[PDB]
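Enquirer: build the 3D model from these lines:
(chains A, B and C)
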Amino acid sequence: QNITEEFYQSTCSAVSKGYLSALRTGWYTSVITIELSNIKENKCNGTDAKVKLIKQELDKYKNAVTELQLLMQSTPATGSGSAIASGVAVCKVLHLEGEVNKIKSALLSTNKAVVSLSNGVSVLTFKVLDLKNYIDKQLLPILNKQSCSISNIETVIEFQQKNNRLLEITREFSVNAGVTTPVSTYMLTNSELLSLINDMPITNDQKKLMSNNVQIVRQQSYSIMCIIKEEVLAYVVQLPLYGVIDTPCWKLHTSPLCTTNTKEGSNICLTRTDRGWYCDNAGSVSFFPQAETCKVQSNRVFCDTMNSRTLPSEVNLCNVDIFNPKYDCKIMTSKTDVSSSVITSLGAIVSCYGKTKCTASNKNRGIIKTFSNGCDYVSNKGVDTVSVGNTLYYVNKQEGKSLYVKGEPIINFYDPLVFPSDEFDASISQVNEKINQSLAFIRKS
Amino acid sequence: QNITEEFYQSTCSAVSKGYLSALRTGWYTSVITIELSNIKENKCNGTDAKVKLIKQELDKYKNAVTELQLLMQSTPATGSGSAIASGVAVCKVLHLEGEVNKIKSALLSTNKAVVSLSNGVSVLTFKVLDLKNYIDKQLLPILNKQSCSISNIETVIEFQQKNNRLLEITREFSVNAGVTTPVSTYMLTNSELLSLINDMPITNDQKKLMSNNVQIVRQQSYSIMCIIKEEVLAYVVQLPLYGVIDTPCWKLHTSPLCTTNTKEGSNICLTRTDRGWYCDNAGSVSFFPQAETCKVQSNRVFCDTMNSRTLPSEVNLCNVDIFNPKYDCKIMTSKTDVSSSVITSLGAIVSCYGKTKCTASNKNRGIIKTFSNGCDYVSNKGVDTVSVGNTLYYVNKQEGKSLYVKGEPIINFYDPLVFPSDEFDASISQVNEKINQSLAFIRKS
Amino acid sequence: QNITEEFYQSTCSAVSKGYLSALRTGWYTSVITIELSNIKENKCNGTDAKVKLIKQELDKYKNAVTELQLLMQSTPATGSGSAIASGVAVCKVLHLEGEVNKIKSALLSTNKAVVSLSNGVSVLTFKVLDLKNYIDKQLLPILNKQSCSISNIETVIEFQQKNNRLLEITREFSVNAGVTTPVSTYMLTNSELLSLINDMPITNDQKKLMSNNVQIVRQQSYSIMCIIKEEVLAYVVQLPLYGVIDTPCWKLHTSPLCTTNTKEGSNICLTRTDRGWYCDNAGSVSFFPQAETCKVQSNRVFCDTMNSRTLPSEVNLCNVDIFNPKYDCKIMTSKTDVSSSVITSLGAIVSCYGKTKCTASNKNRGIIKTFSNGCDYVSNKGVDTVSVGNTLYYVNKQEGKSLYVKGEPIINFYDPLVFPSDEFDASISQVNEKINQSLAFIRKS
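Expert: Residues are numbered from 1 along each chain as shown, chains lettered A, B, ... in the order given. Take a look:
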């Protein structure tokens, strides 16, 4: 529960420690079934407004079915496609005959049942909506006359409710070529999802975590539609399976670090590279570069290992002894000294250069701190907002202690004349070797 | 109203002048209220189709309420979160007891009223939909029988209209974890928004601008949902507050500038860096790097100062005397001479290199100009489209004069042998210093 | 139908050949019309629930019309705007009087008809919904009384169906400022689209391709709304027109290539630049850098030439003889040896460096291959997934042969001491020239 932060004055970086992990390592596939009604184009001679409204929505029903066949004609266009290979594999098994009828036989008794597929995969099936039973029992004998019948409007409105979810299904499948994420509430109702999470094979502790952070599970799950035949449409919904839980996570925040020399254009800078989410995973650390690829319920981190990067466990040494002999801490160099500010979880790192104003201000008591030229940090305690130049930043109000690690800025240890100031993705060893090789040429002079 | 453009032949860049500003500097928070009905699971013994449709939507009603509580269990996952700290602060004050009842007491008389919160913030409250009064007065005494009643269908359909907006609210909150942008029409009706803009504290001139460009205000506003208790759901909608209006804005367009030497691979190039939106703000210029972070009703520019960058006022000198002694104009160098074209607001900059065709063509009279090797500009007058290689570009038809600033291309002033041709983010001073230091080594030879 | 892949061991790259093209070269504009009803605010003295529901939706009807006028007040804010200049041009012609009435006269007889505009453009018009005829014939004489009438509910529900699509139109136009893509099913029904594709001028073969891959056409089409007047709203829907069909396409996949020296930090790397989609177009090759700018029904590639890049036909030589004297193959250099894996269409390229595990595993028989240090490739035959470190990758199951082109890795031909290892966007000639110039300084020593 304790959330900690440590600002590194020497490297102009901060690490937010005390976070718990939830890394997606596997995929669970579930087949969702809608029992459709195979009807041919009917036409009876009536002008009744009851049967007129039925024709309009039967057309919308028939159009959504025939268009979902047109989408079926479209081969999976998303990807990449590594992330959906499990759902595609289930779709391919549904093509085989004697598999669509297997689902139909197992779902006649109950709205949910486990089925063993031909590929040996044991998946749970769900008949969310039964259009077949309703349309044939309620609406078929009405319009099965020489002229359209005269039934009341109560049955027509209920038919609007049934057809409304199907229209919502085909409209989301069409714009996304049958692969939608996050899984909308119509692909799988929130009530249906919790029932699906309770069934699926994992512990009660792992089920409790997924059922509490539902929205995060929806954003890390794909809805894939596979086929339509035998009066049934089927689409597979992949669900994240998390194999790494409760391992240490920490987020690295980096800000430029320059010198404070007076004459303009005579300053060198460097910035810590590889900022983002770090989490221990199987004796190593998994790096997450892309922003918002990790979701975060407070104190818990949810990420996917597909957008990851494997790093050795010694990578955390760059947060203490950046000159460590074990790992190659990456930095980028430049002479651009623009004033910026990074909002970390328990404060804000501020890099103030030039004449631009840099202040941390509290709305009630006013400005509480004015930042001098350099890189510094302000604790979130008693600080509402932080301003840099003409840009206003707001500080997070998460409760926790923040530590200030004092240290000489490493940018002061380098000579500006032989300093390489255009290294996009370099390391300490490269900067150390490039300078010594540059000084090797000046000695021979 | 006058829109001007100036192409700089020396730097292969153009500036579109004559634009008015609208920079977001603050946030106004408004609490939106939906009076919910606290009902326990009712079950009466009836098969009437009137009461059957009620049960279906009451389940959808109860499910949307209980799921919106599940979303409430999810801590704010978006961000960052600087941009929503004001809305979060209002959400936290709503948690305190004696605050939810304060909103309920002030909204019993009118559908809108200003409320003073515990945090000293004066915010306007809105009861958009009153589900509590309708459900209890119209539907409670019907189903408050030993068996479900037999009321007509007119009341059931009206209940579908009320429940439809709530289902639209929870479905948008669920996919976005309660933070949606742009604010949809269901979070706040267009009619409700104009009424909210008229009330809010600002001048009639600032209210007239927001009420005219509604869609731009929606795209720069966040909908945040805070809590559900005491038969009321509440969600705060932040609205942009613009403190900078009618200050000069101009958009910088840059295109590569190479040499025209015949032998392949013997050409050097450079391109002006920091292209995008520039607007004067409080004695300085605010730079906007990210595209589409600024919206633009013609002749008016709408941007947010959070995605900004503060630059000194002398930054505009890079558009005239790029060799100015005051500011360090940034350029990037390379030897890649690919033919490209940038569509500016009143024409198009064309960089033609190699043998690729570069023509400005009018659909009625045909090709009007053929571009030679180098960087040039064509006015939008009498020009419909511009083609480069196999890529077709269309020119904007905005009315205004365009000026051609003749000048020797600066790429011709540099010696290709000592020229650094791999500078990602460099400046004129660095290129000037790097070449002189390279020539310092050849003199000692 | 044959899909081929060739892995290049010397360059650590693979090319997926055997694909067919479909490049968008032009735009076809179609005017979509909804005949609106011009009604003034009516108020009759009734409390009937039939006429009460009418007032609620007439307000939603009137609000959607008046708000769509507010959106009309917003000048086109999207772009750029090259891609929509054709639709904007049609919108501007609709402003001229005697043009809105021309559409109204030609659509009174049929729901679809071709119209010659003032700009000489021949466009097909579509009256998708006729709100004017329905509202005035069915609902006007009802409420045209001194007190609201007592008509039944069948007509009210049909009015809900008509007004529902209009509310769907204005809600999508509002969030996107009137420019939406992909074109939703409500901007143009799937049934209306196929009828539009059949009419439009092109061959039966080009019509058959568009009608089969409907969803891809929707994602490469824009819906633009132009004006509201004379009881008619109009919005233009641009449709892709493909001028390049059945030309060779191939996708280039690149992975880092490093050395295998034991001592850490003593390795140099290089990676092929310009990975993505390549397609021959008019005697040259069109390069597509941005991912997902090309859609892909299997065996067919759909791209837009606006996000393209024109390259000479000799660019394919970088896939065989990278040291070719005709073209300058671009590579980037670094010393970062991170283990990665690229999922190509018929396998996976794996770059294994360090101690990180690199295995290709089949779920039934287990691990089938362990990758040594370097860059290698594994065929999709009998391989389900491929793991690198803590990241799991899944292989595509597309059927086709894959060829292994053996060759000495070019990274072994370079001396690490004089090797430039920080070239972001460089070429072979630059690396060749930079090393020789570095060796020119060591000879004079």
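
Enquirer: just give me the longest helix of chain A.
Expert: helix A:49-73 (DSSP state H).

Enquirer: quick one: neighbours of the residue lying closest to residue A:154 once chain neighbours are set aside, just the number.
Expert: Counting by Cβ to Cβ, 6 or more residues apart in numbering or on different chains, residue B:49 is the residue found nearest to residue A:154 once chain neighbours are left out, at 3.8 Å. (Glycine included, C-beta is placed from N, CA and C.) When neighbours are counted by other Cβ atoms under 10 Å in any protein chain shown, residue B:49 registers 16.

Enquirer: and for residue A:204?
Expert: Using other Cβ under 10 Å: residue A:204 sits among 7 other residues.

Enquirer: what of residue A:172?
Expert: For residue A:172, using other Cβ under 10 Å, the count is 17.

Enquirer: what's the helix or strand harbouring it packed up against?
Expert: Following DSSP states H and E, one finds residue A:172 within helix A:154-175. Helix A:154-175 sits against helix A:49-73, strand A:122-130, helix A:131-134, strand A:222-229, helix B:49-73, helix C:214-219, with contacts defined as 3 or more Cβ pairs under 8 Å, 6 or more residues apart in numbering or on different chains; DSSP states H and E.

Enquirer: buried set for the fifth one?
Expert: I take that to be helix B:49-73. B:49-51, B:53-54, B:57-58, B:60-61, B:63-65, B:67-68, B:70-72 (16 or more other Cβ atoms under 10 Å in any protein chain shown).

Enquirer: try the second one
Expert: Of the residues in strand A:122-130, those buried under the neighbour-count criterion (16+ other Cβ under 10 Å) are A:123, A:124, A:125, A:126, A:127, A:128, A:129, A:130.

Enquirer: residues touching that strand, excluding its own?
Expert: For strand A:122-130, the external contacting residues (Cβ atoms under 8 Å, 6 or more residues apart in numbering or on different chains) are A:29-35, A:90, A:103, A:106-107, A:111-117, A:162, A:165-166, A:188-189, A:192, A:196, A:199-200, A:236.

Enquirer: got the contact list for whichever residue of the stretch 201-350 of chain A sits closest to chain B?
Expert: Using Cβ to the nearest Cβ, residue A:298 is the residue of the stretch 201-350 of chain A that sits closest to chain B, at 3.8 Å. By Cβ under 8 Å, 6+ apart, the contact set of residue A:298 is A:398, B:75, B:76.

Enquirer: what pairs with the closest residue to residue A:368 other than its chain neighbours across the strands?
Expert: Closest residue in space to residue A:368, ignoring its immediate chain neighbours: residue A:362 at 5.2 Å, by Cβ to Cβ, 6+ apart. Beta-bridge pairing for residue A:362 (DSSP bridges): residue A:366.

Enquirer: and the residue minimising distance to the centre of chain A, what element?
Expert: Central residue of chain A (Cα atoms, centre = their mean): residue A:293, 4.4 Å from the mean position. Counting by DSSP H and E, no helix or strand carries residue A:293.

Enquirer: I figured it hits residue A:309, correct?
Expert: No: using Cβ atoms under 8 Å, residue A:293 is not in contact with residue A:309, being 11.0 Å away.

Enquirer: give me the neighbour count for residue A:244.
Expert: 19.

Enquirer: report the contact partners of residue A:3.
Expert: A:16, A:17, A:18, A:19, A:299, A:345, A:346, A:398, A:399, A:400.

Enquirer: which of these are buried?
Expert: A:16, A:17, A:18, A:19, A:345, A:346, A:398, A:400.

Enquirer: give me the residue from the stretch 51-200 of chain A nearest chain B.
Expert: residue A:154 (3.8 Å).

Enquirer: closest to residue C:388 among the contacts of residue A:298?
Expert: residue B:75 (33.2 Å; Cβ to Cβ).

Enquirer: these two touch, right, that closest one and residue A:297?
Expert: Yes: applying Cβ under 8 Å as the test, residue B:75 and residue A:297 come out as touching, 5.2 Å apart.

Enquirer: which one of the two is surrounded by more residues?
Expert: Taking other Cβ under 10 Å, residue B:75 and residue A:297 do not tie; residue A:297 has more neighbours (20 against 14).

Enquirer: show me what from the stretch 301-445 of chain A comes close to chain B.
Expert: A:334-336, A:338-339, A:343, A:354-356, A:385, A:388-397, A:421-422, A:424, A:445 (Cβ under 8 Å from any Cβ of the partner chain).

Enquirer: okay, buried residues for the helix or strand residue A:208 falls within please.
Expert: Assigned by DSSP H and E, residue A:208 falls within helix A:204-212. Residues of helix A:204-212 classed as buried by neighbour count (16+ other Cβ under 10 Å): A:206, A:207, A:209, A:210.

Enquirer: show me which residues of the stretch 201-350 of chain A sit near chain C.
Expert: Checking the stretch 201-350 of chain A against chain C by Cβ under 8 Å from any Cβ, the hits are A:281, A:282, A:284, A:286, A:305, A:306, A:308, A:309, A:310, A:312, A:328, A:330.

Enquirer: 10 Å instead?
Expert: With the criterion set to Cβ under 10 Å from any Cβ of the partner chain, the stretch 201-350 of chain A comes near chain C through A:244, A:273, A:279, A:281-287, A:304-312, A:325-328, A:330.

Enquirer: now those residues: which count as buried?
Expert: Among these, those classed as buried by 16+ other Cβ under 10 Å are A:244, A:273, A:279, A:281, A:284-287, A:304-305, A:308-312, A:327-328, A:330.

Enquirer: still on that earlier bit, filter the contacts of strand A:122-130 down to the buried ones, PyMOL style.
Expert: The command below creates a PyMOL selection of those among the contacts of strand A:122-130 that count as buried (16+ other Cβ under 10 Å):
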select buried, chain A and resi 29+30+31+32+33+34+35+90+103+106+107+112+115+117+162+165+166+188+189+192+196+200+236
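
Enquirer: just the contacts of strand A:122-130: which are in strands?
Expert: A:29-35, A:112-116, A:236 (DSSP state E).

Enquirer: distance check, the residue nearest to residue A:368 against residue A:339.
Expert: 21 Å (Cβ to Cβ, to the nearest Å).

Enquirer: verify the stated contact: residue A:411 with residue A:257.
Expert: Yes: using Cβ atoms under 10 Å, residue A:411 makes contact with residue A:257 at a distance of 5.0 Å.

Enquirer: between the two, what contacts are shared?
Expert: Common contact partners of residue A:411 and residue A:257 (Cβ atoms under 10 Å, 6 or more residues apart in numbering or on different chains): A:10, A:11, A:12, A:268, A:269, A:270, A:271, A:331, A:374, A:375.

Enquirer: dump these to TSV, plus secondary structure and neighbour count.
Expert: As requested, the shared contacts of residue A:411 and residue A:257 are exported to TSV (DSSP: H, G, I helix; E, B strand; the rest coil; neighbours: other Cβ atoms under 10 Å in any protein chain shown):
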residue	secondary structure	neighbour count
A:10	coil	20
A:11	coil	25
A:12	coil	28
A:268	coil	21
A:269	strand	23
A:270	strand	24
A:271	strand	22
A:331	strand	24
A:374	strand	19
A:375	strand	26
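
Enquirer: I'm done for today, thanks for sticking with me.
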